[PDB]
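Pasting input_7.csv here (CSV, C-alpha atoms):
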chain,number,residue,atom,x,y,z
A,1,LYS,CA,81.1,165.2,-8.4
A,2,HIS,CA,78.2,164.1,-10.7
A,3,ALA,CA,75.8,164.1,-7.8
A,4,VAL,CA,76.8,167.6,-6.8
A,5,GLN,CA,76.5,168.9,-10.4
A,6,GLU,CA,73.0,167.5,-10.5
A,7,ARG,CA,72.1,168.6,-7.0
A,8,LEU,CA,70.7,165.4,-5.4
A,9,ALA,CA,70.5,164.3,-1.8
A,10,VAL,CA,73.9,163.0,-0.5
A,11,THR,CA,74.0,159.7,1.4
A,12,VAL,CA,77.0,157.7,2.3
A,13,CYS,CA,77.1,154.1,3.5
A,14,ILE,CA,80.5,152.9,4.6
A,15,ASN,CA,80.4,149.1,4.0
A,16,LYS,CA,82.5,146.0,4.4
A,17,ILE,CA,83.6,146.7,7.9
A,18,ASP,CA,85.0,143.2,8.6
A,19,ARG,CA,87.8,144.3,6.3
A,20,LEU,CA,89.0,146.4,9.2
A,21,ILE,CA,88.7,143.7,11.8
A,22,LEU,CA,89.4,140.3,10.5
A,23,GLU,CA,91.2,141.3,7.3
A,24,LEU,CA,93.1,144.4,8.4
A,25,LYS,CA,93.8,143.5,12.1
A,26,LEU,CA,93.5,147.2,13.1
A,27,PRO,CA,93.3,148.1,16.8
A,28,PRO,CA,90.2,150.2,17.4
A,29,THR,CA,91.8,153.6,17.9
A,30,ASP,CA,93.5,153.6,14.5
A,31,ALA,CA,90.4,151.9,13.1
A,32,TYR,CA,88.6,155.1,14.1
A,33,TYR,CA,91.5,157.0,12.6
A,34,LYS,CA,90.9,155.4,9.2
A,35,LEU,CA,87.1,155.9,9.5
A,36,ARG,CA,87.5,159.6,10.3
A,37,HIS,CA,89.9,159.8,7.4
A,38,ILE,CA,87.5,158.4,4.8
A,39,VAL,CA,84.9,160.8,6.2
A,40,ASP,CA,87.1,163.9,6.1
A,41,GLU,CA,88.4,163.1,2.6
A,42,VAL,CA,85.0,162.6,1.0
A,43,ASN,CA,83.7,165.7,2.9
A,44,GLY,CA,86.6,167.9,1.8
A,45,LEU,CA,86.0,166.7,-1.8
A,46,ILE,CA,82.3,167.5,-1.7
A,47,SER,CA,83.5,170.9,-0.4
A,48,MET,CA,85.6,171.0,-3.6
A,49,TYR,CA,82.5,170.7,-5.8
B,1,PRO,CA,89.2,143.2,-4.5
B,2,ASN,CA,92.7,142.3,-3.5
B,3,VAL,CA,92.7,140.7,0.0
B,4,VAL,CA,95.3,141.8,2.5
B,5,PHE,CA,95.6,139.4,5.4
B,6,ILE,CA,98.9,139.8,7.1
B,7,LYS,CA,100.9,136.9,8.4
B,8,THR,CA,102.1,137.2,12.0
B,9,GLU,CA,105.7,136.3,13.1
B,10,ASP,CA,105.1,135.1,16.7
B,11,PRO,CA,101.9,134.2,18.5
B,12,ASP,CA,102.8,136.7,21.1
B,13,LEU,CA,101.7,140.2,20.2
B,14,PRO,CA,97.9,140.7,20.4
B,15,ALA,CA,95.4,139.6,17.8
B,16,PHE,CA,94.7,143.2,16.9
B,17,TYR,CA,98.2,144.6,16.7
B,18,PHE,CA,99.3,147.3,14.3
B,19,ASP,CA,102.3,145.8,12.6
B,20,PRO,CA,104.8,147.8,10.5
B,21,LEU,CA,103.5,146.0,7.4
B,22,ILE,CA,100.4,148.2,7.2
B,23,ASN,CA,101.4,151.7,6.0
B,24,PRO,CA,101.3,154.3,8.8
B,25,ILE,CA,97.9,156.0,8.6
B,26,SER,CA,98.9,159.6,9.1
B,27,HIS,CA,95.7,161.0,7.6
B,28,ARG,CA,96.2,164.7,6.9
B,29,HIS,CA,93.8,167.5,5.9
B,30,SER,CA,93.0,171.2,6.6
B,31,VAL,CA,91.8,172.4,10.0
B,32,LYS,CA,90.2,168.9,10.3
B,33,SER,CA,86.6,169.7,11.1
B,34,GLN,CA,84.1,170.9,13.7
B,35,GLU,CA,80.7,169.3,14.3
B,36,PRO,CA,77.2,170.2,15.4
B,37,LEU,CA,78.8,169.4,18.8
B,38,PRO,CA,76.3,169.0,21.6
B,39,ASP,CA,78.5,170.4,24.4
B,40,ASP,CA,78.0,169.2,27.9
B,41,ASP,CA,77.4,171.7,30.7
B,42,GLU,CA,73.8,171.9,29.6
B,43,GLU,CA,73.5,168.4,30.8
B,44,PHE,CA,73.6,164.6,30.0
B,45,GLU,CA,74.2,161.7,32.2
B,46,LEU,CA,74.2,157.9,32.0
B,47,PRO,CA,72.0,155.9,34.4
B,48,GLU,CA,74.7,153.5,35.6
B,49,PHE,CA,73.0,150.3,34.5
B,50,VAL,CA,74.4,150.1,30.9
B,51,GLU,CA,78.0,149.4,30.1
B,52,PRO,CA,80.1,149.5,26.9
B,53,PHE,CA,78.2,146.6,25.5
B,54,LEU,CA,80.8,144.1,26.6
B,55,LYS,CA,83.9,145.0,28.6
B,56,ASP,CA,84.0,141.8,30.8
C,1,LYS,CA,155.9,180.0,41.1
C,2,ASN,CA,157.3,177.4,38.7
C,3,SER,CA,154.6,174.8,39.4
C,4,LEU,CA,151.9,177.5,39.2
C,5,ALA,CA,153.2,178.9,35.9
C,6,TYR,CA,153.4,175.2,34.7
C,7,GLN,CA,149.7,174.5,35.6
C,8,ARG,CA,148.7,177.8,33.9
C,9,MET,CA,150.7,177.0,30.7
C,10,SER,CA,149.2,173.5,30.8
C,11,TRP,CA,145.6,174.9,31.0
C,12,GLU,CA,146.2,177.5,28.3
C,13,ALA,CA,148.0,175.5,25.6
C,14,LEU,CA,146.2,172.3,26.4
C,15,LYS,CA,142.7,173.8,26.1
C,16,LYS,CA,143.6,175.7,23.0
C,17,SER,CA,144.9,172.5,21.3
C,18,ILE,CA,142.0,170.4,22.5
C,19,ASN,CA,139.5,172.9,21.0
C,20,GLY,CA,141.5,172.9,17.8
C,21,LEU,CA,141.2,169.1,17.6
C,22,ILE,CA,137.5,169.5,18.6
C,23,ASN,CA,136.8,171.6,15.5
C,24,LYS,CA,139.3,169.5,13.4
C,25,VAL,CA,138.0,166.0,14.1
C,26,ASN,CA,136.9,164.3,10.9
C,27,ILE,CA,135.4,161.0,9.9
C,28,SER,CA,138.6,160.0,7.9
C,29,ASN,CA,140.2,161.3,11.1
C,30,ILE,CA,137.8,160.0,13.7
C,31,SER,CA,140.2,157.6,15.5
C,32,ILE,CA,143.1,159.8,14.7
C,33,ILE,CA,141.5,162.9,16.2
C,34,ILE,CA,140.2,160.9,19.2
C,35,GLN,CA,143.7,159.5,19.8
C,36,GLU,CA,145.0,163.1,19.7
C,37,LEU,CA,142.4,164.2,22.2
C,38,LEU,CA,143.8,161.3,24.2
C,39,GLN,CA,147.5,162.1,23.5
C,40,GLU,CA,146.4,165.3,25.3
C,41,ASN,CA,144.9,164.5,28.7
C,42,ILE,CA,141.2,165.3,27.9
C,43,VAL,CA,140.0,164.3,31.4
C,44,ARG,CA,142.4,166.7,33.1
C,45,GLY,CA,140.3,169.4,31.4
C,46,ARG,CA,137.1,167.2,31.4
C,47,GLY,CA,134.9,170.2,31.8
C,48,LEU,CA,136.2,172.1,28.8
C,49,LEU,CA,136.3,168.8,26.9
C,50,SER,CA,132.5,168.5,27.5
C,51,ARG,CA,132.5,172.2,26.6
C,52,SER,CA,134.3,171.8,23.2
C,53,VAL,CA,132.0,168.8,22.4
C,54,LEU,CA,128.9,170.8,23.4
C,55,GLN,CA,130.1,173.9,21.4
C,56,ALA,CA,130.6,171.8,18.3
C,57,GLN,CA,127.2,169.9,18.6
C,58,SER,CA,125.4,173.2,19.2
C,59,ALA,CA,127.0,175.6,16.6
C,60,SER,CA,127.2,172.8,14.0
C,61,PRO,CA,123.9,171.1,12.8
C,62,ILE,CA,126.2,169.2,10.4
C,63,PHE,CA,129.0,168.2,12.8
C,64,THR,CA,126.7,167.0,15.7
C,65,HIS,CA,127.3,163.4,14.5
C,66,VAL,CA,131.1,164.1,14.4
C,67,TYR,CA,131.2,165.6,17.9
C,68,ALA,CA,129.0,162.6,18.7
C,69,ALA,CA,131.5,160.0,17.4
C,70,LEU,CA,134.1,161.7,19.5
C,71,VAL,CA,131.7,161.5,22.5
C,72,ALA,CA,131.1,157.8,21.9
C,73,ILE,CA,134.8,157.1,21.6
C,74,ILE,CA,135.5,158.9,24.9
C,75,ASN,CA,132.3,157.7,26.5
C,76,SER,CA,132.6,154.0,26.1
C,77,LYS,CA,136.0,154.5,27.8
C,78,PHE,CA,135.3,157.4,30.3
C,79,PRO,CA,131.4,157.4,30.5
C,80,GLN,CA,131.4,160.3,33.0
C,81,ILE,CA,132.8,162.5,30.2
C,82,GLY,CA,130.0,162.0,27.7
C,83,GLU,CA,127.8,162.0,30.8
C,84,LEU,CA,128.7,165.6,31.7
C,85,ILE,CA,128.2,166.4,28.0
C,86,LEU,CA,124.7,164.7,28.2
C,87,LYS,CA,123.6,166.5,31.3
C,88,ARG,CA,124.8,169.6,29.6
C,89,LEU,CA,122.8,169.0,26.4
C,90,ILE,CA,119.8,168.3,28.5
C,91,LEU,CA,120.4,171.6,30.3
C,92,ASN,CA,120.6,173.3,26.9
C,93,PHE,CA,117.5,171.6,25.5
C,94,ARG,CA,115.4,172.5,28.5
C,95,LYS,CA,117.0,175.9,28.2
C,96,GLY,CA,115.9,176.4,24.6
C,97,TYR,CA,112.4,174.9,25.1
C,98,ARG,CA,111.4,176.3,28.5
C,99,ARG,CA,112.8,179.7,27.5
C,100,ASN,CA,111.2,179.4,23.9
C,101,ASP,CA,114.6,179.3,22.1
C,102,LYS,CA,113.9,177.3,19.0
C,103,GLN,CA,117.6,177.3,17.9
C,104,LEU,CA,119.0,176.4,21.3
C,105,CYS,CA,116.4,173.6,21.7
C,106,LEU,CA,117.2,172.4,18.2
C,107,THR,CA,121.0,172.3,18.8
C,108,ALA,CA,120.7,170.4,22.1
C,109,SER,CA,118.1,168.1,20.7
C,110,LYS,CA,120.2,167.2,17.7
C,111,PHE,CA,123.0,166.5,20.2
C,112,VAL,CA,120.7,164.2,22.2
C,113,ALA,CA,119.5,162.5,19.0
C,114,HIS,CA,123.1,161.8,18.0
C,115,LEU,CA,123.7,160.4,21.5
C,116,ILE,CA,120.5,158.2,21.3
C,117,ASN,CA,121.6,156.8,17.9
C,118,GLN,CA,125.2,156.2,19.1
C,119,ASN,CA,123.7,154.4,22.1
C,120,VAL,CA,125.1,156.7,24.8
C,121,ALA,CA,121.6,158.1,25.6
C,122,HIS,CA,118.8,155.9,27.0
C,123,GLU,CA,115.4,155.6,25.5
C,124,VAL,CA,113.3,156.8,28.5
C,125,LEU,CA,114.8,160.2,28.3
C,126,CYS,CA,114.3,160.3,24.5
C,127,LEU,CA,110.7,159.3,25.2
C,128,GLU,CA,110.3,162.1,27.8
C,129,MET,CA,111.8,164.6,25.3
C,130,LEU,CA,109.4,163.5,22.6
C,131,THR,CA,106.5,163.6,25.1
C,132,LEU,CA,107.4,167.1,26.4
C,133,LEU,CA,107.8,168.2,22.8
C,134,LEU,CA,104.4,166.8,21.7
C,135,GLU,CA,102.4,167.7,24.9
C,136,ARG,CA,100.9,170.9,23.4
C,137,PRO,CA,102.4,170.8,19.9
C,138,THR,CA,102.4,174.1,18.1
C,139,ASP,CA,104.6,174.8,15.1
C,140,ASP,CA,107.8,175.0,17.2
C,141,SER,CA,107.6,172.0,19.5
C,142,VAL,CA,106.0,169.9,16.7
C,143,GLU,CA,108.9,170.6,14.5
C,144,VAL,CA,111.2,170.0,17.5
C,145,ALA,CA,109.9,166.5,18.0
C,146,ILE,CA,109.8,165.9,14.3
C,147,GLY,CA,113.4,167.2,13.8
C,148,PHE,CA,114.6,165.0,16.7
C,149,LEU,CA,112.8,162.1,15.0
C,150,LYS,CA,114.3,162.9,11.6
C,151,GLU,CA,117.5,161.3,12.9
C,152,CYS,CA,116.4,159.5,16.1
C,153,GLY,CA,113.2,157.9,14.8
C,154,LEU,CA,115.4,154.9,13.9
C,155,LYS,CA,117.0,154.0,17.3
C,156,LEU,CA,113.9,154.5,19.4
C,157,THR,CA,111.9,152.3,16.9
C,158,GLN,CA,114.7,149.6,16.8
C,159,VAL,CA,115.2,149.3,20.5
C,160,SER,CA,111.6,150.0,21.5
C,161,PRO,CA,109.1,150.2,18.5
C,162,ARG,CA,106.6,151.0,21.3
C,163,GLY,CA,107.9,154.5,21.2
C,164,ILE,CA,107.5,154.7,17.4
C,165,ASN,CA,103.9,153.5,17.6
C,166,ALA,CA,103.2,155.8,20.5
C,167,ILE,CA,104.7,158.7,18.6
C,168,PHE,CA,102.6,157.9,15.6
C,169,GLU,CA,99.4,157.8,17.6
C,170,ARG,CA,100.1,161.0,19.5
C,171,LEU,CA,101.3,163.0,16.5
C,172,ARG,CA,98.3,161.8,14.4
C,173,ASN,CA,95.7,162.7,17.1
C,174,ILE,CA,97.3,166.0,18.1
C,175,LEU,CA,97.5,167.0,14.5
C,176,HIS,CA,94.3,165.3,13.2
C,177,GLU,CA,91.8,166.3,15.9
C,178,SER,CA,93.3,169.8,16.7
C,179,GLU,CA,93.6,173.2,15.2
C,180,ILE,CA,97.0,173.3,13.5
C,181,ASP,CA,97.9,174.6,10.1
C,182,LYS,CA,99.8,173.5,7.0
C,183,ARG,CA,103.0,173.7,9.0
C,184,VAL,CA,102.2,170.9,11.5
C,185,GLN,CA,100.0,169.1,8.8
C,186,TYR,CA,102.9,168.8,6.4
C,187,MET,CA,105.2,168.1,9.4
C,188,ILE,CA,103.1,165.1,10.4
C,189,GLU,CA,103.2,164.2,6.7
C,190,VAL,CA,107.0,164.3,6.8
C,191,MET,CA,107.1,162.2,9.9
C,192,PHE,CA,105.0,159.6,8.2
C,193,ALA,CA,107.2,159.9,5.2
C,194,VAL,CA,110.3,158.9,7.2
C,195,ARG,CA,108.3,156.2,8.9
C,196,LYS,CA,107.0,154.6,5.7
C,197,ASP,CA,110.4,155.1,4.1
C,198,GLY,CA,111.8,152.9,6.8
C,199,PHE,CA,114.4,155.4,8.2
C,200,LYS,CA,116.3,155.0,4.9
C,201,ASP,CA,117.2,158.7,4.6
C,202,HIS,CA,118.7,158.8,8.2
C,203,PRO,CA,119.8,155.5,9.7
C,204,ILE,CA,121.3,155.3,13.2
C,205,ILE,CA,124.9,156.2,12.5
C,206,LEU,CA,126.8,156.7,9.1
C,207,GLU,CA,130.0,154.8,8.5
C,208,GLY,CA,132.4,155.6,11.3
C,209,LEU,CA,130.0,157.1,13.9
C,210,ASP,CA,129.5,153.6,15.5
C,211,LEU,CA,132.4,151.3,15.7
C,212,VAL,CA,132.5,150.5,19.4
C,213,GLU,CA,131.3,146.9,20.0
C,214,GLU,CA,128.1,145.5,21.4
C,215,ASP,CA,128.4,145.7,25.2
C,216,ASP,CA,131.7,147.6,25.2
C,217,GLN,CA,129.7,150.8,25.1
C,218,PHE,CA,128.1,153.1,27.7
C,219,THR,CA,124.5,154.3,27.5
C,220,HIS,CA,124.1,156.2,30.8
C,221,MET,CA,120.5,157.4,31.5
C,222,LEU,CA,120.3,161.0,32.9
C,223,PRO,CA,116.8,162.2,32.1
C,224,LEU,CA,115.3,165.6,31.2
C,225,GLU,CA,113.4,166.8,34.3
C,226,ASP,CA,115.7,165.0,36.7
C,227,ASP,CA,117.5,167.9,38.4
C,228,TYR,CA,120.8,167.3,36.7
C,229,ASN,CA,123.6,169.8,36.5
C,230,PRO,CA,126.0,171.2,33.9
C,231,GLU,CA,129.1,170.9,36.2
C,232,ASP,CA,130.7,173.1,33.6
C,233,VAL,CA,132.6,175.5,35.9
C,234,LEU,CA,135.4,173.0,35.2
C,235,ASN,CA,135.7,175.1,32.0
C,236,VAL,CA,137.7,177.5,34.3
C,237,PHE,CA,140.9,175.9,35.5
C,238,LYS,CA,142.0,175.3,39.1
C,239,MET,CA,145.2,175.1,41.1
C,240,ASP,CA,146.5,171.6,41.8
C,241,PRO,CA,148.5,170.4,44.8
C,242,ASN,CA,148.2,166.8,43.6
C,243,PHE,CA,149.1,167.8,40.1
C,244,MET,CA,152.0,165.4,39.9
C,245,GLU,CA,150.2,162.5,41.6
C,246,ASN,CA,147.0,162.8,39.4
C,247,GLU,CA,149.2,163.5,36.4
C,248,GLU,CA,151.1,160.2,36.7
C,249,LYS,CA,147.7,158.6,37.3
C,250,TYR,CA,145.9,160.0,34.3
C,251,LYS,CA,148.9,159.6,32.0
C,252,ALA,CA,148.9,156.0,33.1
C,253,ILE,CA,145.2,155.8,32.3
C,254,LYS,CA,145.8,157.2,28.8
C,255,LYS,CA,148.7,154.8,28.4
C,256,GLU,CA,146.5,151.8,29.6
C,257,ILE,CA,143.7,153.0,27.4
C,258,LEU,CA,145.4,154.1,24.2
Show the structure stored in the file as structure tokens.
Amino acid sequence: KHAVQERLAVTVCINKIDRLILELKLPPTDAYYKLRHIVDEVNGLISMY
Amino acid sequence: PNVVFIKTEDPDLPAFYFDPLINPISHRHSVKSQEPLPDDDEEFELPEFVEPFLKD
Amino acid sequence: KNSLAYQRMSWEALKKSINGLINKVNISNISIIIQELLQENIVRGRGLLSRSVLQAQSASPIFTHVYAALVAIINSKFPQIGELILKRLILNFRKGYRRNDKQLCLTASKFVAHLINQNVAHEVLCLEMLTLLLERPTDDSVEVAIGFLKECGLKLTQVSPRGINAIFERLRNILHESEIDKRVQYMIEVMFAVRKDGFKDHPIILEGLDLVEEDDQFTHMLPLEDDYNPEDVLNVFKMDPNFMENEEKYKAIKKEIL
């Protein structure tokens, strides 16, 4: 929200990806599901602002 | 950051194995999205030397 | 003559009374109504018994479980009876779906979900029903699978959680990479709601809909696209030269069966 209201460039780095593999134990398809989800949520929210 | 490492019951079911313990993802949204999607039928093709980097 | 008029009076008064007991059967009258449906020879009119059961489970979204308890009572004992009813409800479900009848499909699918939770219906046909429901999910078939799963998400997940995880993957991808609207979006949300709720709003069978013991039951597997039949013309009666022989036989079966 703050970055939109001040019109900057918009970069996103999803980090800490072992937390899906060793910590979460998520098979790859549903792993992709969660990744797509984070992406679609943040994108819809930027669409909000 | 709370760690969530889920104990298994048996050795049997695979290492990666979605267990009921995790909450079912079911991510919902609007009409989800579309992309700058580079349709095929223009062309693209994989010189069959590479592989998904390890499948063996 | 006399025997003819007797078979006709049998068919008439018998079928009328059996349909009365069909619409009368309660939960505080489950074993009572089933033993009255036995005090009358329900197998002599096995076709119209399947027909009364089907009529109840179709026209009553709220007495499908009661018609089902009757079906389980009579099906652990005479499996062919609930079997004709099962082939019938499969005919009615494929009727509603393949003719685009939402209400018919929903009636028959509620009947089949009651059967699957009572353990008179096998899990491969439930899987095929979920799969042919979710193949090209639009509002209607998405709600059809989800409505089936509203009651039968428990039994499939408890006998084969494989089907539950498969349903979750298929529903999530068909509704999360495809062009569906708030209907199927919130429908997937409801599906996940039951899932995460642990089937606590709708367990297998409320008190009195499953009392038959572990292996004393009958889950016969007649699937969806298998060319089954209704065999429902037995809803119209038929003349009987072996009326006395088969009468002593079936009255002896009901006496030996209680």
* Proximal residues of chain C relative to chain B (only C-alpha atoms; 7 Å) as a list in words ->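 Result: residues 172, 176, 177, 179, 180, 181, 185, 189, 192 and 196 of chain C.
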Closest atom pairs, residues of chain A within 9 Å of chain C, all atoms listed in the file, as JSON lines:
{"residue": "A:29", "atom": "CA", "partner": "C:169", "partner_atom": "CA", "distance": 8.7}
{"residue": "A:30", "atom": "CA", "partner": "C:169", "partner_atom": "CA", "distance": 7.9}
{"residue": "A:33", "atom": "CA", "partner": "C:173", "partner_atom": "CA", "distance": 8.4}
Keeping C-alpha atoms, export the residues of the selection given above as a PDB file, in the frame of the given file.
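Output file again.pdb is given in full below:
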ATOM      1  CA  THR A  29      91.800 153.600  17.900  1.00  0.00           C
ATOM      2  CA  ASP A  30      93.500 153.600  14.500  1.00  0.00           C
ATOM      3  CA  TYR A  33      91.500 157.000  12.600  1.00  0.00           C
TER       4      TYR A  33
END
* Return as JSON, numbers by chain the residues belonging to chain A that are within 8 Å of chain B, counting only C-alpha atoms. => {"A": [21, 23, 24, 25, 26, 27, 30, 33, 34, 37, 40, 41]}
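Atom pair atom CA of residue C:90 / atom CA of residue C:130 has a distance of 12.9 Å (rounded to one decimal).
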* Which of these, C:171, C:73, C:91, C:13, has the shortest distance to residue C:210 once you count all atoms listed in the file? ->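 For residue C:210, the nearest of the candidates is C:73.
Pairwise distance (atom CA of residue C:121, atom CA of residue C:219) equals 5.1 Å.
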* To do: Take atom CA of residue C:45 and atom CA of residue C:16 and report the distance between them in Å, one decimal.
  => 11.0 Å
* Neighbour list for residue A:46 as a list in words, cut-off 12 Å, all atoms listed in the file, skip fewer than 5 positions in-chain -> residues 1, 2, 3, 4, 5, 7, 10, 11, 12, 39, 40 and 41 of chain A
* To do: Fewer than 2 positions away in the same chain doesn't count, so skip those; otherwise give me all residues within 12 Å of residue C:98, counting all atoms listed in the file, as a PyMOL selection string.
  => chain C and resi 90-96+100-102+104-105+132-133+140-141+224-225
Using all atoms listed in the file, can you list as a short mmCIF file (atom, residue, chain, number, x, y, z; two decimals) with C-alpha atoms, in the frame of the given file the residues within 10 Å of (129.8, 172.6, 30.3)?
data_model
loop_
_atom_site.label_atom_id
_atom_site.label_comp_id
_atom_site.auth_asym_id
_atom_site.auth_seq_id
_atom_site.Cartn_x
_atom_site.Cartn_y
_atom_site.Cartn_z
CA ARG C 46 137.10 167.20 31.40
CA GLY C 47 134.90 170.20 31.80
CA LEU C 48 136.20 172.10 28.80
CA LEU C 49 136.30 168.80 26.90
CA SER C 50 132.50 168.50 27.50
CA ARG C 51 132.50 172.20 26.60
CA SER C 52 134.30 171.80 23.20
CA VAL C 53 132.00 168.80 22.40
CA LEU C 54 128.90 170.80 23.40
CA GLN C 55 130.10 173.90 21.40
CA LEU C 84 128.70 165.60 31.70
CA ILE C 85 128.20 166.40 28.00
CA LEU C 86 124.70 164.70 28.20
CA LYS C 87 123.60 166.50 31.30
CA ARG C 88 124.80 169.60 29.60
CA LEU C 89 122.80 169.00 26.40
CA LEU C 91 120.40 171.60 30.30
CA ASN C 92 120.60 173.30 26.90
CA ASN C 229 123.60 169.80 36.50
CA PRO C 230 126.00 171.20 33.90
CA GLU C 231 129.10 170.90 36.20
CA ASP C 232 130.70 173.10 33.60
CA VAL C 233 132.60 175.50 35.90
CA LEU C 234 135.40 173.00 35.20
CA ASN C 235 135.70 175.10 32.00
#
* Within 7 Å of (131.4, 170.5, 15.1), in the coordinates the file gives, what residues turn up when you count only C-alpha atoms, written out as number ranges by chain? -> C: 23, 56-57, 59-60, 63-64, 66-67
